[PDB]
Structure formats: structure tokens, C-alpha cells
Amino acid sequence: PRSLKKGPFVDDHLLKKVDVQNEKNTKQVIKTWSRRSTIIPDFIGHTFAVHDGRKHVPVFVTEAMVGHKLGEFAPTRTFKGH
Amino acid sequence: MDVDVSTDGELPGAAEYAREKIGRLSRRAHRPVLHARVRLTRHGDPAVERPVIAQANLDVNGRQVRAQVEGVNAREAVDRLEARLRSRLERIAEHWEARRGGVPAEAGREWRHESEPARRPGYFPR
Amino acid sequence: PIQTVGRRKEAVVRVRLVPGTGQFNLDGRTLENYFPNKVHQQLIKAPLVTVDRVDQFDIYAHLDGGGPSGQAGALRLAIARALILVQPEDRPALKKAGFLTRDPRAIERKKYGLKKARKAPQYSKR
Amino acid sequence: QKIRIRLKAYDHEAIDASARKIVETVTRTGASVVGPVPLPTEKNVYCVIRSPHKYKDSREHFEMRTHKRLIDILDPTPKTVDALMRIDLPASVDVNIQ
Amino acid sequence: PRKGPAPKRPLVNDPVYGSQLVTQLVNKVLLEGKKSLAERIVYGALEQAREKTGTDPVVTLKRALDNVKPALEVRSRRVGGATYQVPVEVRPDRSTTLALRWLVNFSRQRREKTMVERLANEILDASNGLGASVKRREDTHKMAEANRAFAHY
Amino acid sequence: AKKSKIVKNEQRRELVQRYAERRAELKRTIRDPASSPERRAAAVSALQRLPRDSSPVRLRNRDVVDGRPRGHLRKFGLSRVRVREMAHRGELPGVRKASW
Amino acid sequence: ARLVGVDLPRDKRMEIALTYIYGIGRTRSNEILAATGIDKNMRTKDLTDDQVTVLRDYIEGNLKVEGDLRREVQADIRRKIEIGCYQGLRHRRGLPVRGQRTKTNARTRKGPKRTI
Amino acid sequence: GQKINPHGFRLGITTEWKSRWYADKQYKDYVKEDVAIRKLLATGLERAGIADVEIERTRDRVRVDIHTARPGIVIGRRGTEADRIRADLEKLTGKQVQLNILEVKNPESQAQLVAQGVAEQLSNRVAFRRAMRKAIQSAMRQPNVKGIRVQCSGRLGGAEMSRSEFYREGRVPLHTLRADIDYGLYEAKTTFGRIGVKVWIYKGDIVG
RNA sequence: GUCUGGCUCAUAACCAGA
RNA sequence: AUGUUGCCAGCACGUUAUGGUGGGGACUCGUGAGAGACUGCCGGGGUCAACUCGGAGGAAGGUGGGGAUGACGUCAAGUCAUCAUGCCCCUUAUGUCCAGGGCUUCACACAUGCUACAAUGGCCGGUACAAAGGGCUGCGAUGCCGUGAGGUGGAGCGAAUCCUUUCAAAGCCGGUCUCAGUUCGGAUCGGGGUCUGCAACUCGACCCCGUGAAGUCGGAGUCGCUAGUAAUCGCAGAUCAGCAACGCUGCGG
């Protein structure tokens, strides 16, 4: 994982997006493209449309998944079996 | 017998036909077959009169048997490969029925490489 | 004084021989603090044994390069050369024993395509 | 005060020629030398694959060998110095003056 | 070996026993080039045998060798396009080699919790003629005798 | 290889010298000491705003003429294919075949 | 000696006997033996009762072992499963979760080989 | 892959390096500017037979020596060709770049010029047997030449099948290290493709 | 007959043991 | 021949820290030149011929050992993806820029390797010997802080000088384990971290604690190796910000 001195990494785009999102206490779906951004306690209620490679899958954040990345919740490869 | 076919490009149905034709050769082999591989390839150049190339490899109890053929389509290549493999397996048999005519016979009539050398006394016969 | 050298597969030994007792000084350590292996000691003292001049030469030696076995071999060649310099007329006894011959056996160069100097990669026919 | 004269060249005969010519000129100017002290040869080895495609088992080896000579003088009279910066040498050999 | 026999390696006499055969033994028990450990094992086994019997270890080791040394051994021979088991006389060097190899292996499959004790026990039982190497010599001689019909070629 | 990709490699190099020289290095100096106040400084965020091409981590040592991206040698800046051909022609001073 | 419900081995050195506790390996046993003060080379049949008590209360004090550790690990795995993260369905279908190659290897997660 | 390049086989024994300089930090850019110089000289001059191009460097000044069979073609009477090459070599960031134009004593005894002539004849209309025979005879007419082998391969005569043909005269000991074999390769531009011509010339041996 | 070891390309046959 | 950054035998200064230091060519060593193996000699076989066997001398004896060197051609062998190139095809795209993903997907099959299945061993402590190679916006020491990856800091080094520790591991000595799926084996998994990088989710390496799978020497069949070789042990380099390196190329025990 990322070293502690650098702190968590979040892209500026969705950062400013969620800051303007929570300033008026209304949480609409946010369409995003940085799967590498960590979950911050400022996302607890916001619903992210994180990219997959083809489309965007809704991700509704909770307290449990804080500290992970938006990428773990958009599974890329699809496998159904042989 | 189980055969794995490693084709390339476009050869629809070639894998199944090659599998079914080659798997019928297990009974012809006089020893258990440990592995059997087939590869199908096609020549990109349209100028080739026989573009499709088929190769086979069988591990007949440690003895390697292989053949390679050319045809105008997958079916003809597979059939010719089967014929060549059958001929090779016939020539490989090595069981007793296949080597009974080559074992040296008689006592003095005929000579072969492995024929028993004649015993000679110390003194000249005279 | 007299000084000779012994070399055995990357081990270099400088020897300084004086006519004192049988004290063995190898870089300030004795024959027991050094070379704690009886076979190595016998290999060291063999020239003295065949010349029967045991315990009449104080030996000072400089050791560098190689391992204990190479150092011992180079040291033995060094005492052989020192003895041939001290008393020339014993050359038959040392030479027929082979102690006057430098051993030209070195680590063979590793070759590309092979895992070791001669070891070849495993090859599968099937 | 003495200064170090350091030679590095890829060609043996070239660096030996430069060393002898340099000791000649400094002796002409009347300076004490030590002689062309030899130094260990530097070997850089590279291994490459012959063919453009595949065929890894066939390799080719190359080296670049650098020869080093050490020149040290004494009594640095200005005439020897002025001679030293007025020397023409083959481009292959370089000189390090310290 | 197509162009003729190859020269033999003249290995040296042992320092602390002065016999060729103990050096041959240490080279037989040698693994991965760890010669020091091999000599330690062999010397420990010889000292254990000396302690148990109370006499020289070299003499009892030689007795074990003569007890396990074979004389008639069987090799497959193809004469006139047919193979049979033909009993063949064994040269002294090969008999010594086979005896030492049998001793070392059959000691490796003993159950004395350590290689030194296994080897000492195996040499002692071969000296008294009860070891598994002695048995193996019995079976190889039995097989050589049972195929005596093919000794004519 | 491809002319566009040969060119784009150079464009990265001129971008690197323009930006990574001081902009993408002072931010790293800020982040190194835990004593330095990085969190409010947003030296991480400021250095994210910089173009990716500023980073040398995006560079690729290609053959200086051929454009070959693999089998590169840093001493010559040349592909293994080209080094073999020019050494054989006696073009690289002090290079020859080996034996030992 | 019954230690936290664990039947200790009959005759073993102390730290390696303590390794048999589900929450203790070799480093944990060594440091707890050093800190509490018992000898580390003495056999398991030489424990007195008060030694068992001091090991017991020390371990329940500054360590978590046996059933609680197992259930905490199980709960962590289940929580990771239920949030739908990558490791979640990786655990669900019995495949390696740390990016190991699955083309040939990973028989440990796949179990014994099956022929189809 | 049958035969290694003869120049590289004897690089440290008989033949000499075509570039003479020393660099430790600036080896890479020296090589870059050297290959740029070589390619620029290759494309710029093709009428006069360019047999060899030497590069020497010493700090700021760069000395380039080239050998041609027709020096007058590559040199300007008022320096126009010299002006052009000087200016476009300054453009190569060579700082002070200085040239010695030279001329080869025996054009027919130089392998590169022979290959260039054979390929030029092959390009327009000439049958390859004529070219090989003429080159071989002209080379052996020279005094120092002890043996020449000429070989070119490809779609000879505009045929659909590639072929390899070669003639030899005298002695060509490629395996002998002390023997100096002058090696020349140059590609013939034809309407049906590319024909590559190789020439080996053997002129005695040099013993150092 | 049944289990090995030897043997044979493998089963066979033959040899040595339980 | 040659003495520095390399040796130190005889001399002096050394203080524990040692060629460390003034000094010296003596011995190594480094790198230049040269000598030396040529059936040269002897004896015997030989067509008195090639050639062959043995012996002396010698460091080396019979192309000393190992490399580089690969004839005419074969297999329309491989490579239009190092490069070049005939012809055909695309050209508001099969060119070109960007973000994300993929090349890492897994019911299986094949191939090359590494680690094991242990006592010729595991673990702990002490302790001895190498060669080769690399290093400038790189190697990076002493010191201090961590348990450990590491962090701070920067001595000295374009380097026979400094750093890679003064360089190793197997080895030797001592202690313990006592034949068990174990103090073997380390996979898998849980938690916690370090470093590089704009960024370790897909998809890096390493460190700590815990977890402790298969595996009891492997069927038919099959591979490598003739001497400093096989076996075994460690070290280095290229690529490289980092690494999937157990791979490859070398080096020594």
C-alpha cells in the first residue's frame, strides 16, 4: 500500500466534485474516471459511477469500504465459466 | 486416445475432424500412446496450390512418430495425414510379427549383420 | 634468504623458509588454527615426508586467493620449490612424486546456451 | 609539488607510444620521472543475440578494453609545463593532468 | 570408450589409516562434494567398529569386503539376435567397487538414526556375515549359478 | 518502429527537461521530510496537476536511430541488432569480439 | 498441561510447545517467555501449576488466540466477501486473491485436480 | 548465418577502426553525431564512389576524412560543394568541423568501389554475368590483388525466383586471420526489388 | 495363484525370494 | 623492464585499527617485450614411408586446456514487427492524440525451472578462506533512529585509492532438536508496514506478527554429464524509477 507519509491519494477532479457535492447536503450520482482514488470519509453517502472499461457501474459508499479504492468495486474482467 | 489440436487463423470444423480421424489410430499402434498433438496451419499467399499444412506427433511408448502433409482444404490434409501416420505406425510396429522375417535363420544358409559367426577350430581343417 | 611461490587454481602462496624448528606460521596462525583438516595437513607435509626433512625448517607463508584446498595445494607446491632451491640434489625424489608440477586444472568457463560449463538444458523430444 | 599524468586508451600501441613520447619530452625539459607504471586493464563485456528474431541460444560476445598508464614527474619547472600543454597526441589517447 | 580404455584416477592413501580402501570408501559415501563430512562419517564408523570389536578397524573392514565381494555376476548378452542372462567372471577392481557400493547403499537404508551408526553396524554384520550386502552377494551368486547354461557364450 | 512513436519519445524528453527539472522535484523535496507540512500544502495535489509527461517514469530508452524499444544498451544508445552490425564494421572505437 | 484449552505436547521445549497455541508462532512464544520470565529450554512435564496460571493470565491479558482469533478471521473474510470487493468474489469462487497466476498453478485454492 | 563480416573478424589484428576518439561521459552523443554524419554523407554524395568515411574528434574540433574515386565531383572549384558540406556539418552541431577530401590510389582494388560499380551496372540494364566478369578481370589486372570473389543475390534478371551466384579467381582465405580481405557490400536498386552485391578481395597478408 | 526383484519395447516365458 | 592507488622481505614511526604511516624491488601483483613443444632427442615397430608405442628432459608431449572461426549447399527453415524493399491495400481511415482497460483472464493439457519431501538435516552462537564486475545528478561509508524492510544524514570516490561493507556461502567448532507430516516443508490466507513511482484495485518488490496446504523420493517413459567435469554453494552484470529474476550472461569455493 501507499506509504503513510504521503497520505492517501485522491484525484483532484472528484475531490472538488465531492466538495461542491456535500456543501449543499445533496448527493446525486457522480460520474468518475479515476479508479485509483482512495475512499475518504467524505464519500460516506455519495454514489459514484466508476468506470469499468466499457461503462460506469454505480458505487454507493458506506463506512465499511473506507480506505479502499474505487477500483475494487468495478470488476473489470467478466467470467461465467466454461 | 486423447488428442489436442493447435490450429491457427480460420479453419472451422478442422479441429473436430482432425480429432475424430486421428483418435482412430490408437488401435493401430501396438504400444500405448502417451501423447498425440496435431497442428493445422494455412498459407497466407493465395499463390500456393496446397495452402493447408497439417502436422502430427505421437509418443508411442517413447518412440516419436510424426508426419506432415499439404492439401487444398482441411479435410484433404487431415485424411492424407491419417494415411501417412498409418504408414509410419505400420513401419514402427517392432513387435514379434514385425521382426520375425529379419531374425537370422537357418545354420549356414544366408548371412545377416547379426548372424551368429561360425565357430572355427584352432588348426586348419585340412 | 630464499622465497618461492605456489599457485593452485586461483590460490597464491608465498613461502619463506628458515632452518629453525617445525613451526608453521601461516599469516600469523599455526597449522592447527589454519587448515583444520587432517588430509590438508598430510598434503602439506608430504614433500617433507618424502624428503625426510620433517621438523628442521621454520616456515613463514603468505596466503591469498582460492579456498582452503587450493591454498593447501599451492602451499605444498611452494614447499616443494623451496626444498628444490635449498638442496638441489633431491630433485629425483620430489619430481617423481609429482610435487614439482603445477596443476593446470582451472574452473572451466561457462558457455552460453548451457546451464553450466558442460551441463546442457533438458531437452524434450515429445 | 608533483602532478599526476594519467593515460587511458583503447589501443595498446597508441598509449605506449604516447607514454614514451611524453617521457622523452619531459626528459628533454629536464625533469625526473617514475616511468610508465602499468595499471589494470578495464574490461567491459556485452552479450547480444545474433538473429533479429528468436534464436536465443546463439549469442555473440563483445568487449571494450581500456589500457591505463601512470606518469608522475617531479621538480615542476615552468619549461616542462609549457612543453606539456604544447604536445600533440593521437585522438585515441586522452590525458588527465592533476 | 570406442577408441580404447581410459586411464584410471590414482587416488591417494588416507593419512590417518594409511589404506587405499578407506579412501575409496569415503569417495563412495561422498555426496555433493562435501568431502569433510564424508571423512567424518567414515572415521566415526571405523572408530565405532573399533570400540565394539576391540581391534583394528581396517582388518574387520577388509573382512567385510571379502564377505561381500562377488565373483560371478550376470550381464545381458545379445548373440545371434537373441538376449539371455549370461554369468560373467568379475575382475577384482569391479568386485571391490560393487562391494563398497553395496555396503554404502545398504547402510543408507538402515534404521540406526544416524549414518555413522548405520555404516558401523553394516560393516560389523558384513564382517560376521549377516548384513544385507552379504545377502545380496548370495542372490547374485545364485542367479549366476542358475543361468550357467548360457556360460558358453 | 513507427515515426509517430519515435517523435513522441523525444517530445517526452523535452517536456521532462522543462518540467521535471525543478517543478516535479521541489514537490518531492517537500514530501520527503515528515516535519515539512505536506498535508495542507497539497504538494501531492499540486504535483498531480502537472502533466503526466513531466514524469520521467513515462520515458523509454529507444534505439537512437532505429527506434527499437527493446534490447537497448545504455553505453551506446543502440539496439542489440545495430550494435552487432556496427561493431562488426569497426564503427565503435575499442570494441571487438570476445574470447577467454 | 491444559493451556487455554490446548493440550500441550507431552515433552517439548517451552517456546515450541507454546507454538502449538493457534495464536502463537515462534517469535510470539519467545518474547512472551522472555517477558514473563519462565525458562525457554525446559520440558513441558516440568511445569508447576502456578506457571500454568501465569502463562494463562498473561496470554488472556496481552494476546488474542484460539477461538476468538479464528472467529475474528472468519468475520473479516465474510465482511470482505459481502462488500463485493475483488477479494470478495475471489473468496467466493475459491481462487487466489493476491494476483497469483491461475493459468496453470493455484491448485492450493483449486483443491485437488479434477479431470473434465 | 554462415560467414561473419571480414572487417569485424580482423578488427584488432589487420583492419583499423574507422572512428578514432575517446569519450567516457560523451560516448553516446559522440556515437549519435557520428552516425548522423555517416548517413548524411551517404545520402548527399552518390555519384562519386564513396569508399570510406573516417571521423576523428578532439574537444571542439571534428576532423572527417573521406575517400572517393572522384574527388573533383564532391569538391567545388569555388568551394560550392565545400561550402554546402561545411554549412550542413555546422548544422549537425559539430562545432568546428573540418574536412580532408582524399582520393584512392587504385579504384579497382577497393572492394567497396567494385561493388558500387557492379551494382550500378546491374541496376540499369546489364546482365549480372557481364558485371561480375568485368569486375573480376579489372580487379585481377591490378598488381597487388591476389584473389577476388564477387557474389550478388536476389531476383537476378527480374525473375520471380531469387538466386545466388558467385565467381572466384585466385585465393580467398577467409579463415586466415593475418590475410587482409577487403570486404564490400552495396545494394542494387532495380525495378523488381533490391539486389545485394558482396565483394571479397584478397591482397597478400600483413604480418606485424 | 499372488506379491515383489531380475529379464523383455510391455505383457509374456525363464530365474531369485515371501 | 616495471613500482602506484598494487606488494612489504630487511629498516624506522606507529596504537590498537590495520602497510596505518615514512621508506624499500626483495617476494606476489598489475602490463609491455621475449623465451618456451617443435615427435626437438632416445629406444622399438613400421615399405626405411606416412604414422605409431614407450622413455628422458620439462611447467607443459604429442592438434597441452578452453574460446573465436561454421566449406558448396539443404530444409521455399525463421524474420515484410530491428531495418530496407517490389507489388497490392487504407487515407476524413487500417493514419494520429488522449483516459480507462487488456496483454496477468482459467474445467484443463504440454514444456522449461525453483523449493521440498529431511539427521550427509533444521535452528542458535562463534569463526576462516574467492574471483569477476559496477558506480556522477550514481556508488554511497562513519554515526543516530527502528525489530525489519528501512528513515535521517552525508565522509570519500569518474575511482588497483572510496563505496559495493573490511566483501561470501558451503566449510570448521560448540549447543539443541531425536525420526514425527515433526523445531521438515513452505504454499495459501488475515492483519500491520517500507520503498519506487503522478498512481501498487485489476497488476510491483520487500519487511513484521499470525496462519501452516500438498508433499514419505515419484508409473509407463525420458534427460544431462568423461575431470576441476557432474553434484552442490555463494557473488556479480545487462535490461532497469521500481520490480514478476527461481530467467539469461559471467565469476569463483
# chains A, B, ... in the order shown; residues from 1 in each chain; ligands from 1
>>> residues_around(residues="segment 102-111 of chain C", least_positions_apart="6", cutoff="12 Å", atoms="only C-alpha atoms (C1' of nucleotides)", output="MDAnalysis selection string")
(chainID C and resid 5:12 66 70 73:78 80:81 95 117:121) or (chainID D and resid 47 57:61) or (chainID F and resid 99:100) or (chainID J and resid 58:60 64:67 131 227:229 248:253)
>>> select_by_dssp(residues="chain C", states="alpha helix (DSSP H)", output="number ranges by chain")
C: 38-51, 68-86, 91-96
>>> write_last_selection(atoms="C-alpha atoms", output="short mmCIF file (atom, residue, chain, number, x, y, z; two decimals), in the first residue's frame")
data_model
loop_
_atom_site.label_atom_id
_atom_site.label_comp_id
_atom_site.auth_asym_id
_atom_site.auth_seq_id
_atom_site.Cartn_x
_atom_site.Cartn_y
_atom_site.Cartn_z
CA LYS C 38 43.97 -33.80 8.56
CA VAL C 39 44.01 -34.57 4.83
CA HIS C 40 45.10 -31.00 4.14
CA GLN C 41 47.91 -31.32 6.70
CA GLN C 42 49.12 -34.55 5.11
CA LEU C 43 49.02 -32.92 1.68
CA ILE C 44 51.06 -30.05 3.15
CA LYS C 45 53.70 -32.24 4.79
CA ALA C 46 54.08 -34.86 2.03
CA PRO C 47 57.16 -33.19 0.42
CA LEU C 48 58.82 -33.05 3.84
CA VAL C 49 57.98 -36.72 4.41
CA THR C 50 59.43 -37.92 1.10
CA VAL C 51 62.50 -35.74 1.71
CA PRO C 68 41.37 -23.99 1.83
CA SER C 69 42.03 -26.84 -0.61
CA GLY C 70 43.57 -24.62 -3.27
CA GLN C 71 45.61 -22.83 -0.62
CA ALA C 72 46.88 -26.18 0.67
CA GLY C 73 47.84 -27.37 -2.81
CA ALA C 74 49.64 -24.14 -3.63
CA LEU C 75 51.40 -24.25 -0.27
CA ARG C 76 52.59 -27.81 -0.94
CA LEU C 77 53.99 -26.73 -4.31
CA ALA C 78 55.63 -23.80 -2.51
CA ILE C 79 57.46 -26.04 -0.02
CA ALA C 80 58.47 -28.34 -2.87
CA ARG C 81 60.01 -25.41 -4.74
CA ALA C 82 61.70 -24.09 -1.60
CA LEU C 83 63.21 -27.51 -0.93
CA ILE C 84 64.43 -27.78 -4.51
CA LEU C 85 66.10 -24.39 -4.02
CA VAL C 86 67.70 -25.35 -0.69
CA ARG C 91 65.16 -33.39 -7.34
CA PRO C 92 64.51 -37.04 -8.34
CA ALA C 93 62.66 -37.74 -5.08
CA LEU C 94 60.36 -34.72 -5.29
CA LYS C 95 59.85 -34.82 -9.05
CA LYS C 96 58.90 -38.49 -9.39
#
>>> residues_around(residues="residue 51 of chain H", least_positions_apart="3", cutoff="10 Å", atoms="only C-alpha atoms (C1' of nucleotides)", output="number ranges by chain")
H: 48, 66-69, 103-104, 107, 110-114, 116, 184
>>> write_last_selection(atoms="N, CA, C and O atoms", output="JSON list (two decimals), in the first residue's frame")
[["chain", "number", "residue", "atom", "x", "y", "z"],
["H", 48, "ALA", "N", 30.10, 10.19, -57.02],
["H", 48, "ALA", "CA", 31.47, 9.78, -56.76],
["H", 48, "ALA", "C", 31.48, 8.60, -55.80],
["H", 48, "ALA", "O", 30.75, 8.57, -54.81],
["H", 66, "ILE", "N", 37.32, 11.44, -45.77],
["H", 66, "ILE", "CA", 36.57, 10.53, -46.62],
["H", 66, "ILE", "C", 37.39, 10.25, -47.88],
["H", 66, "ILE", "O", 38.17, 11.09, -48.34],
["H", 67, "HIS", "N", 37.21, 9.05, -48.42],
["H", 67, "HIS", "CA", 37.92, 8.61, -49.61],
["H", 67, "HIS", "C", 36.93, 8.42, -50.75],
["H", 67, "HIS", "O", 35.93, 7.72, -50.59],
["H", 68, "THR", "N", 37.21, 9.06, -51.88],
["H", 68, "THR", "CA", 36.36, 8.96, -53.06],
["H", 68, "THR", "C", 37.21, 8.64, -54.27],
["H", 68, "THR", "O", 38.40, 8.98, -54.33],
["H", 69, "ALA", "N", 36.60, 7.97, -55.25],
["H", 69, "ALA", "CA", 37.26, 7.72, -56.52],
["H", 69, "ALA", "C", 37.19, 8.92, -57.46],
["H", 69, "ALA", "O", 37.91, 8.94, -58.47],
["H", 103, "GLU", "N", 41.56, 10.82, -52.24],
["H", 103, "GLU", "CA", 41.31, 10.09, -53.47],
["H", 103, "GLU", "C", 42.09, 8.78, -53.36],
["H", 103, "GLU", "O", 43.23, 8.77, -52.89],
["H", 104, "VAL", "N", 41.47, 7.68, -53.78],
["H", 104, "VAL", "CA", 42.06, 6.35, -53.60],
["H", 104, "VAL", "C", 43.02, 6.03, -54.75],
["H", 104, "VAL", "O", 42.77, 6.34, -55.92],
["H", 107, "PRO", "N", 41.26, 2.53, -57.68],
["H", 107, "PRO", "CA", 39.81, 2.33, -57.51],
["H", 107, "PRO", "C", 39.36, 0.89, -57.72],
["H", 107, "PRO", "O", 38.43, 0.44, -57.05],
["H", 110, "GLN", "N", 39.75, -1.60, -54.65],
["H", 110, "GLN", "CA", 38.98, -1.33, -53.44],
["H", 110, "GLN", "C", 37.64, -2.04, -53.57],
["H", 110, "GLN", "O", 36.91, -1.84, -54.55],
["H", 111, "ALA", "N", 37.31, -2.87, -52.58],
["H", 111, "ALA", "CA", 36.13, -3.73, -52.68],
["H", 111, "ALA", "C", 34.85, -2.91, -52.76],
["H", 111, "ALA", "O", 33.94, -3.24, -53.53],
["H", 112, "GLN", "N", 34.75, -1.86, -51.95],
["H", 112, "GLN", "CA", 33.51, -1.08, -51.92],
["H", 112, "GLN", "C", 33.24, -0.42, -53.27],
["H", 112, "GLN", "O", 32.09, -0.43, -53.75],
["H", 113, "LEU", "N", 34.27, 0.14, -53.90],
["H", 113, "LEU", "CA", 34.07, 0.75, -55.21],
["H", 113, "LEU", "C", 33.70, -0.28, -56.26],
["H", 113, "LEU", "O", 32.86, -0.02, -57.13],
["H", 114, "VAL", "N", 34.31, -1.47, -56.19],
["H", 114, "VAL", "CA", 33.97, -2.53, -57.14],
["H", 114, "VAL", "C", 32.51, -2.93, -56.99],
["H", 114, "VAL", "O", 31.78, -3.07, -57.97],
["H", 116, "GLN", "N", 30.10, -1.09, -55.73],
["H", 116, "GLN", "CA", 29.27, 0.02, -56.18],
["H", 116, "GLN", "C", 29.14, 0.02, -57.69],
["H", 116, "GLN", "O", 28.04, 0.20, -58.23],
["H", 184, "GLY", "N", 33.34, -5.57, -49.35],
["H", 184, "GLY", "CA", 32.44, -4.51, -49.78],
["H", 184, "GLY", "C", 31.04, -5.00, -50.09],
["H", 184, "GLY", "O", 30.87, -5.93, -50.89]]
>>> interface_residues(of="chain J", to="chain A", cutoff="9 Å", atoms="only C-alpha atoms (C1' of nucleotides)", output="list in words")
residues 99, 100, 101, 105, 106, 107, 193, 194, 195, 199, 200, 201 and 202 of chain J
>>> write_last_selection(atoms="N, CA and C atoms (P, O5', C5', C4', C3', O3' and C1' of nucleotides)", output="PDB file, in the first residue's frame")
ATOM      1  P     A J  99      -3.191   9.762 -21.210  1.00  0.00           P
ATOM      2  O5'   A J  99      -4.560   9.287 -20.551  1.00  0.00           O
ATOM      3  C5'   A J  99      -5.238  10.107 -19.613  1.00  0.00           C
ATOM      4  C4'   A J  99      -6.585   9.532 -19.260  1.00  0.00           C
ATOM      5  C3'   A J  99      -6.583   8.084 -18.804  1.00  0.00           C
ATOM      6  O3'   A J  99      -6.273   7.950 -17.429  1.00  0.00           O
ATOM      7  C1'   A J  99      -8.263   8.397 -20.432  1.00  0.00           C
ATOM      8  P     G J 100      -5.599   6.604 -16.878  1.00  0.00           P
ATOM      9  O5'   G J 100      -6.734   5.504 -17.056  1.00  0.00           O
ATOM     10  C5'   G J 100      -7.909   5.537 -16.262  1.00  0.00           C
ATOM     11  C4'   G J 100      -8.934   4.541 -16.742  1.00  0.00           C
ATOM     12  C3'   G J 100      -8.465   3.106 -16.881  1.00  0.00           C
ATOM     13  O3'   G J 100      -8.382   2.415 -15.651  1.00  0.00           O
ATOM     14  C1'   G J 100      -9.680   3.700 -18.794  1.00  0.00           C
ATOM     15  P     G J 101      -7.210   1.345 -15.424  1.00  0.00           P
ATOM     16  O5'   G J 101      -7.633   0.109 -16.335  1.00  0.00           O
ATOM     17  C5'   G J 101      -8.798  -0.643 -16.039  1.00  0.00           C
ATOM     18  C4'   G J 101      -9.246  -1.471 -17.217  1.00  0.00           C
ATOM     19  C3'   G J 101      -8.349  -2.630 -17.617  1.00  0.00           C
ATOM     20  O3'   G J 101      -8.510  -3.773 -16.798  1.00  0.00           O
ATOM     21  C1'   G J 101      -8.988  -1.433 -19.541  1.00  0.00           C
ATOM     22  P     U J 105      -3.869 -15.071 -15.669  1.00  0.00           P
ATOM     23  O5'   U J 105      -5.366 -14.688 -16.054  1.00  0.00           O
ATOM     24  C5'   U J 105      -6.243 -14.093 -15.108  1.00  0.00           C
ATOM     25  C4'   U J 105      -7.593 -13.826 -15.722  1.00  0.00           C
ATOM     26  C3'   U J 105      -8.533 -15.023 -15.801  1.00  0.00           C
ATOM     27  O3'   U J 105      -9.334 -15.136 -14.637  1.00  0.00           O
ATOM     28  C1'   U J 105      -8.478 -13.846 -17.885  1.00  0.00           C
ATOM     29  P     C J 106      -9.033 -16.232 -13.507  1.00  0.00           P
ATOM     30  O5'   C J 106      -9.305 -17.623 -14.227  1.00  0.00           O
ATOM     31  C5'   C J 106     -10.584 -18.242 -14.151  1.00  0.00           C
ATOM     32  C4'   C J 106     -10.561 -19.633 -14.729  1.00  0.00           C
ATOM     33  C3'   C J 106      -9.703 -20.644 -13.971  1.00  0.00           C
ATOM     34  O3'   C J 106     -10.251 -21.946 -14.155  1.00  0.00           O
ATOM     35  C1'   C J 106      -8.895 -20.434 -16.158  1.00  0.00           C
ATOM     36  P     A J 107     -11.498 -22.468 -13.291  1.00  0.00           P
ATOM     37  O5'   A J 107     -11.855 -23.861 -13.973  1.00  0.00           O
ATOM     38  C5'   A J 107     -12.680 -24.801 -13.308  1.00  0.00           C
ATOM     39  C4'   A J 107     -12.668 -26.148 -13.991  1.00  0.00           C
ATOM     40  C3'   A J 107     -11.313 -26.786 -14.228  1.00  0.00           C
ATOM     41  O3'   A J 107     -10.746 -27.367 -13.069  1.00  0.00           O
ATOM     42  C1'   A J 107     -12.637 -27.019 -16.161  1.00  0.00           C
ATOM     43  P     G J 193      -0.572   0.325   9.638  1.00  0.00           P
ATOM     44  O5'   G J 193       0.649  -0.157   8.741  1.00  0.00           O
ATOM     45  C5'   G J 193       1.567   0.772   8.192  1.00  0.00           C
ATOM     46  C4'   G J 193       2.977   0.246   8.255  1.00  0.00           C
ATOM     47  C3'   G J 193       3.927   0.769   7.192  1.00  0.00           C
ATOM     48  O3'   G J 193       4.481   2.022   7.543  1.00  0.00           O
ATOM     49  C1'   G J 193       4.132  -1.585   7.371  1.00  0.00           C
ATOM     50  P     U J 194       4.823   3.104   6.409  1.00  0.00           P
ATOM     51  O5'   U J 194       6.148   2.540   5.735  1.00  0.00           O
ATOM     52  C5'   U J 194       7.338   2.372   6.489  1.00  0.00           C
ATOM     53  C4'   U J 194       8.453   1.852   5.622  1.00  0.00           C
ATOM     54  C3'   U J 194       8.596   2.534   4.274  1.00  0.00           C
ATOM     55  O3'   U J 194       9.348   3.730   4.354  1.00  0.00           O
ATOM     56  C1'   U J 194       8.635   0.191   3.981  1.00  0.00           C
ATOM     57  P     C J 195       9.069   4.926   3.324  1.00  0.00           P
ATOM     58  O5'   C J 195       9.671   4.395   1.950  1.00  0.00           O
ATOM     59  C5'   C J 195      11.047   4.073   1.843  1.00  0.00           C
ATOM     60  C4'   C J 195      11.359   3.400   0.531  1.00  0.00           C
ATOM     61  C3'   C J 195      10.855   4.110  -0.709  1.00  0.00           C
ATOM     62  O3'   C J 195      11.702   5.174  -1.099  1.00  0.00           O
ATOM     63  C1'   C J 195      10.373   1.796  -0.859  1.00  0.00           C
ATOM     64  P     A J 199       2.901   9.181  -6.612  1.00  0.00           P
ATOM     65  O5'   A J 199       1.696   8.234  -7.036  1.00  0.00           O
ATOM     66  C5'   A J 199       0.358   8.546  -6.680  1.00  0.00           C
ATOM     67  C4'   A J 199      -0.610   7.631  -7.382  1.00  0.00           C
ATOM     68  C3'   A J 199      -0.433   6.149  -7.089  1.00  0.00           C
ATOM     69  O3'   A J 199      -1.108   5.745  -5.913  1.00  0.00           O
ATOM     70  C1'   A J 199      -0.532   6.478  -9.422  1.00  0.00           C
ATOM     71  P     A J 200      -0.398   4.753  -4.875  1.00  0.00           P
ATOM     72  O5'   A J 200      -0.425   3.342  -5.608  1.00  0.00           O
ATOM     73  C5'   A J 200      -0.195   2.144  -4.879  1.00  0.00           C
ATOM     74  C4'   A J 200      -0.633   0.924  -5.646  1.00  0.00           C
ATOM     75  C3'   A J 200      -0.710  -0.349  -4.822  1.00  0.00           C
ATOM     76  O3'   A J 200      -1.742  -1.185  -5.344  1.00  0.00           O
ATOM     77  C1'   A J 200       0.962  -0.585  -6.494  1.00  0.00           C
ATOM     78  P     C J 201      -3.281  -0.842  -5.024  1.00  0.00           P
ATOM     79  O5'   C J 201      -4.069  -2.167  -5.419  1.00  0.00           O
ATOM     80  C5'   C J 201      -5.173  -2.615  -4.649  1.00  0.00           C
ATOM     81  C4'   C J 201      -6.310  -3.073  -5.527  1.00  0.00           C
ATOM     82  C3'   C J 201      -5.910  -3.795  -6.802  1.00  0.00           C
ATOM     83  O3'   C J 201      -5.693  -5.173  -6.568  1.00  0.00           O
ATOM     84  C1'   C J 201      -7.603  -2.180  -7.255  1.00  0.00           C
ATOM     85  P     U J 202      -4.502  -5.951  -7.305  1.00  0.00           P
ATOM     86  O5'   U J 202      -5.116  -6.340  -8.720  1.00  0.00           O
ATOM     87  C5'   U J 202      -6.393  -6.950  -8.822  1.00  0.00           C
ATOM     88  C4'   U J 202      -6.984  -6.768 -10.197  1.00  0.00           C
ATOM     89  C3'   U J 202      -6.051  -7.046 -11.363  1.00  0.00           C
ATOM     90  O3'   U J 202      -5.954  -8.426 -11.656  1.00  0.00           O
ATOM     91  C1'   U J 202      -7.278  -5.046 -11.748  1.00  0.00           C
TER      92        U J 202
END
>>> interface_residues(of="chain E", to="chain B", cutoff="8 Å", atoms="only C-alpha atoms", output="count of residues only")
3
